[PDB]
Amino acid sequence: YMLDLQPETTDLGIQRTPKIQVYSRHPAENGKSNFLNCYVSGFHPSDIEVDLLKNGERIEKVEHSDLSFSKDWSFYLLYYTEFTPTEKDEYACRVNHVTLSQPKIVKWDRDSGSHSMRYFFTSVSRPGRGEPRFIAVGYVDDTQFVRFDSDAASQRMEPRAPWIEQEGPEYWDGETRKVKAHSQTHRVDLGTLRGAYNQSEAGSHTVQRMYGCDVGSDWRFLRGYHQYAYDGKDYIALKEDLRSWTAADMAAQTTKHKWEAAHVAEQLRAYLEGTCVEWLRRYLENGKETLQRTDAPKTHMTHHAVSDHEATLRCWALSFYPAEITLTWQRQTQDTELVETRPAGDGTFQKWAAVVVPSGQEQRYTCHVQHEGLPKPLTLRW
Amino acid sequence: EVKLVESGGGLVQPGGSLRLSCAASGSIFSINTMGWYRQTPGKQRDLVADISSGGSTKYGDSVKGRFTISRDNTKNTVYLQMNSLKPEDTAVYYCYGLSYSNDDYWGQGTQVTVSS
């Protein structure tokens with residue numbers, strides 16, 4: 001359930017290289033159907049070309065998640081496809097981006113709590129190519145449940161979770177109306193911010209918008225947000241008290257006074273403190289089997305010899321929800337590789353930690369797995 | 001390990017054409033997909049066209065309909081027929097190839113200039 005303000009109310013008065021990961025959804029098995037994933041994250045701007053390679057050639061039917069971004073405004077995407085790995089086949093991921101002088105290739109190395117509802121909005125101008133690209137996604141914790149893409153054929157707000165498909169036509173007609181108003185706002189703000197910064201009408205620019213609310217384990221309101229960004233940099237944001245603003249440069253100060261005089265913060269406060277939490281409670285109840293579950297990490301260990309003297313130990317954690325997890329090696333915050341948590345594509349998450357140990361001293365190292373779905377923290381050793 | 005020999009660049013009038021050629025060295029089993037990228041005014045290079053050893057082709061949006069890639073699979077050599085060339089097509093065109101283990105190889109490139 002999105003914000004429902006009039007269009008004129010919220011009217012307005014840095015390049016990062018993607019990190020890449022290639023992996024499978026489940027442990028790879030001969031003749032067993034699986035999913036090959038390529039998780040790009042931390043990049044800006046949003047334009048990116050991702051291919052999945054099989055034996056030195058492109059895979060035809062490749063799908064990807066809907067564009068979203070993190071707290072630092074950097075984007076992340078998950079490219080995936082169904083595949084059955086055999087003995088000879090080799091897989092990789094090729095990524096092209098404005099920060100890369102040539103496409104980068106990464107091979108597939110085969111060997112009670114708080115809740116939140118988020119909405120992310122991205123608009124990228126396309127001078128001469130047509131109207132700006134508008135993408136909107138909605139999240140309940142780490143689960144996407146709605147989407148909108150201006151280039152899609154439906155021109156509707158589409159379900160992306162089973163528990164939201166229950167809603168009737170009155171719901172989807174309303175969300176479709178509200179998401180189109182969000183697009184019209186960004187469309188106007190793109191032309192406004194262009195002249196506000198004295199930029200040419202031939203370049204591409206990006207507007208990002210985030211808002212939502214947090215609730216505790218008692219489902220009572222904790223915090224709300226409403227942030228705005230231009231070209232990956234902070235523009236204007238609502239403070240934690242939900243009555244004042246935080247503006248960055250001079251042009252954002254002008255919007256701060258136009259929004260203060262029009263009392264925009266009070267309309268946002270009513271949604272974040274009331275409407276946002278009300279429908280978050282409805283989503284948590286309707287999708288209780290999905291959103292209130294706690295999937296425990298399925299753990300195991302791998303041993304790989306590096307130089308016949310130093311040996312690498314890797315602690316794995318798979319198929320766990322939610323994404324919050326801690327992995328530590330005890331003999332050690334040095335010489336320990338910890339990879340970023342990544343989506344598996346089926347709602348679960350993955351992570352591993354590595355430790356380079358001398359050969360013969362394998363049984364002197366322990367890995368600790370802290371997860372909220374685990375009653376007692378696990379300790380793993382070779 | 002693998003070397004790419006490029007030829008067929010140079011100057012051309014608007015509306016004219018040009019045929020680029022790229023030959024890979026080594027065994028025939030050393031290279032699968034072969035194609036071209038072209039240097040943008042900025043940092044990156046953009047996909048023009050590539051083809052697999054089985055004949056599967058892909059074209060960049062900027063060259064669809066005008067450019068055509070073909071392959072002579074008995075000599076691991078690919079050809080790019082660039083028709084209806086415009087000044088916007090002026091760039092250095094890099095040949096590239098992918099090994100069957102997803103190792104990429106890049107040629108030195110050939111300058112292509114379309115007059116005014």
# chains A, B, ... in the order shown; residues from 1 in each chain; ligands from 1
>>> interface_residues(of="chain A", to="chain B", cutoff="9 Å", atoms="only C-alpha atoms", output="number ranges by chain")
A: 53-58, 89-93, 96-103, 105-107
>>> select_by_dssp(residues="range 240-339 of chain A", states="strand (DSSP E or B)", output="ChimeraX atom specification")
/A:245-247,295,298-305,310-321,326-330,336-338
>>> write_last_selection(atoms="N, CA, C and O atoms", output="short mmCIF file (atom, residue, chain, number, x, y, z; two decimals), in the first residue's frame")
data_model
loop_
_atom_site.label_atom_id
_atom_site.label_comp_id
_atom_site.auth_asym_id
_atom_site.auth_seq_id
_atom_site.Cartn_x
_atom_site.Cartn_y
_atom_site.Cartn_z
N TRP A 245 13.21 18.58 7.76
CA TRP A 245 13.88 18.08 6.56
C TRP A 245 15.39 18.23 6.69
O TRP A 245 15.90 19.04 7.47
N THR A 246 16.10 17.41 5.91
CA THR A 246 17.55 17.48 5.80
C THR A 246 17.89 17.68 4.32
O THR A 246 17.75 16.75 3.52
N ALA A 247 18.33 18.88 3.97
CA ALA A 247 18.69 19.21 2.60
C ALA A 247 20.21 19.32 2.48
O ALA A 247 20.90 19.69 3.43
N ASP A 295 14.02 -19.79 8.48
CA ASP A 295 14.68 -20.95 7.89
C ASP A 295 16.11 -21.02 8.40
O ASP A 295 16.89 -20.08 8.21
N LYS A 298 21.55 -24.26 6.48
CA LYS A 298 22.10 -25.59 6.22
C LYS A 298 23.60 -25.44 6.01
O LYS A 298 24.04 -24.89 4.99
N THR A 299 24.39 -25.92 6.96
CA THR A 299 25.82 -25.66 6.99
C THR A 299 26.62 -26.88 6.54
O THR A 299 26.15 -28.02 6.60
N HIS A 300 27.84 -26.61 6.09
CA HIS A 300 28.83 -27.64 5.75
C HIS A 300 30.17 -26.94 5.57
O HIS A 300 30.27 -25.71 5.64
N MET A 301 31.21 -27.74 5.32
CA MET A 301 32.58 -27.24 5.23
C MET A 301 33.26 -27.84 4.01
O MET A 301 32.94 -28.96 3.58
N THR A 302 34.22 -27.09 3.45
CA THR A 302 35.02 -27.55 2.33
C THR A 302 36.49 -27.26 2.60
O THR A 302 36.84 -26.29 3.27
N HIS A 303 37.35 -28.13 2.06
CA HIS A 303 38.79 -28.04 2.22
C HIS A 303 39.44 -28.02 0.84
O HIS A 303 39.17 -28.89 0.01
N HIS A 304 40.28 -27.01 0.60
CA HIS A 304 40.96 -26.86 -0.68
C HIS A 304 42.42 -26.51 -0.43
O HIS A 304 42.72 -25.52 0.23
N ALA A 305 43.32 -27.34 -0.97
CA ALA A 305 44.75 -27.09 -0.84
C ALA A 305 45.17 -25.98 -1.80
O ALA A 305 44.79 -26.00 -2.98
N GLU A 310 50.00 -24.17 2.86
CA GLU A 310 48.85 -23.45 3.37
C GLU A 310 47.58 -23.98 2.72
O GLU A 310 47.55 -24.21 1.51
N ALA A 311 46.55 -24.19 3.53
CA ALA A 311 45.31 -24.79 3.08
C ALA A 311 44.13 -23.90 3.44
O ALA A 311 44.13 -23.26 4.50
N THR A 312 43.13 -23.86 2.57
CA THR A 312 41.98 -22.98 2.72
C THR A 312 40.80 -23.76 3.29
O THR A 312 40.43 -24.81 2.76
N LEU A 313 40.21 -23.23 4.35
CA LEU A 313 39.00 -23.78 4.96
C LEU A 313 37.86 -22.81 4.73
O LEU A 313 38.01 -21.60 4.96
N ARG A 314 36.71 -23.32 4.27
CA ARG A 314 35.58 -22.48 3.90
C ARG A 314 34.34 -22.96 4.65
O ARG A 314 33.95 -24.13 4.53
N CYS A 315 33.73 -22.05 5.41
CA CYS A 315 32.51 -22.33 6.17
C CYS A 315 31.31 -21.83 5.37
O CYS A 315 31.21 -20.64 5.08
N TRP A 316 30.40 -22.74 5.04
CA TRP A 316 29.26 -22.42 4.19
C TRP A 316 27.98 -22.29 5.02
O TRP A 316 27.80 -22.95 6.04
N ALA A 317 27.08 -21.42 4.54
CA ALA A 317 25.76 -21.24 5.13
C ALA A 317 24.77 -21.02 4.00
O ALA A 317 24.92 -20.08 3.22
N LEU A 318 23.75 -21.88 3.91
CA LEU A 318 22.87 -21.90 2.75
C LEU A 318 21.41 -22.01 3.19
O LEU A 318 21.10 -22.54 4.26
N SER A 319 20.53 -21.50 2.33
CA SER A 319 19.08 -21.73 2.42
C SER A 319 18.50 -21.22 3.74
O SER A 319 17.68 -21.88 4.37
N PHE A 320 18.92 -20.03 4.15
CA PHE A 320 18.47 -19.45 5.41
C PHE A 320 17.73 -18.13 5.16
O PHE A 320 18.05 -17.38 4.24
N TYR A 321 16.74 -17.87 6.02
CA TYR A 321 15.94 -16.65 6.00
C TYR A 321 15.62 -16.30 7.45
O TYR A 321 15.27 -17.18 8.24
N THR A 326 25.76 -14.06 11.08
CA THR A 326 27.14 -13.78 11.44
C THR A 326 27.97 -15.05 11.28
O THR A 326 27.55 -16.13 11.73
N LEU A 327 29.13 -14.93 10.64
CA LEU A 327 30.07 -16.03 10.48
C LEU A 327 31.44 -15.57 10.94
O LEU A 327 31.93 -14.53 10.48
N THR A 328 32.06 -16.33 11.84
CA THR A 328 33.35 -15.97 12.40
C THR A 328 34.24 -17.20 12.49
O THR A 328 33.76 -18.31 12.71
N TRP A 329 35.54 -16.98 12.33
CA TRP A 329 36.55 -18.03 12.44
C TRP A 329 37.36 -17.81 13.70
O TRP A 329 37.86 -16.70 13.94
N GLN A 330 37.49 -18.85 14.51
CA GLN A 330 38.24 -18.80 15.76
C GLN A 330 39.41 -19.76 15.70
O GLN A 330 39.23 -20.95 15.41
N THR A 336 41.06 -13.63 6.95
CA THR A 336 39.79 -14.34 6.88
C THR A 336 38.91 -13.65 5.86
O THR A 336 38.58 -12.47 6.02
N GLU A 337 38.53 -14.37 4.80
CA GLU A 337 37.72 -13.81 3.73
C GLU A 337 36.25 -14.03 4.04
O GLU A 337 35.81 -15.16 4.26
N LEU A 338 35.48 -12.94 4.05
CA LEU A 338 34.05 -12.97 4.31
C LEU A 338 33.32 -12.35 3.13
O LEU A 338 33.53 -11.17 2.82
#
>>> residues_around(residues="residue 375 in chain A", least_positions_apart="5", cutoff="12 Å", atoms="only C-alpha atoms", output="mmCIF file with N, CA and C atoms, in the first residue's frame")
data_model
loop_
_atom_site.group_PDB
_atom_site.id
_atom_site.type_symbol
_atom_site.label_atom_id
_atom_site.label_comp_id
_atom_site.auth_asym_id
_atom_site.auth_seq_id
_atom_site.Cartn_x
_atom_site.Cartn_y
_atom_site.Cartn_z
ATOM 1 N N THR A 294 11.307 -18.680 9.843
ATOM 2 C CA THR A 294 12.735 -18.560 10.131
ATOM 3 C C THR A 294 13.402 -19.845 9.653
ATOM 4 N N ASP A 295 14.017 -19.793 8.475
ATOM 5 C CA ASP A 295 14.677 -20.954 7.892
ATOM 6 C C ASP A 295 16.110 -21.023 8.404
ATOM 7 N N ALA A 296 16.451 -22.131 9.057
ATOM 8 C CA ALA A 296 17.768 -22.265 9.656
ATOM 9 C C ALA A 296 18.819 -22.543 8.582
ATOM 10 N N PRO A 297 20.043 -22.049 8.772
ATOM 11 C CA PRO A 297 21.091 -22.270 7.766
ATOM 12 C C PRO A 297 21.491 -23.738 7.697
ATOM 13 N N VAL A 369 28.445 -19.972 13.708
ATOM 14 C CA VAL A 369 27.320 -19.574 12.870
ATOM 15 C C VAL A 369 26.237 -19.010 13.780
ATOM 16 N N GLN A 370 26.053 -17.692 13.739
ATOM 17 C CA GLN A 370 25.044 -17.008 14.541
ATOM 18 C C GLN A 370 23.887 -16.609 13.631
#
>>> atom_distance(atom1="CA of residue 118 in chain A", atom2="CA of residue 138 in chain A")
5.6 Å
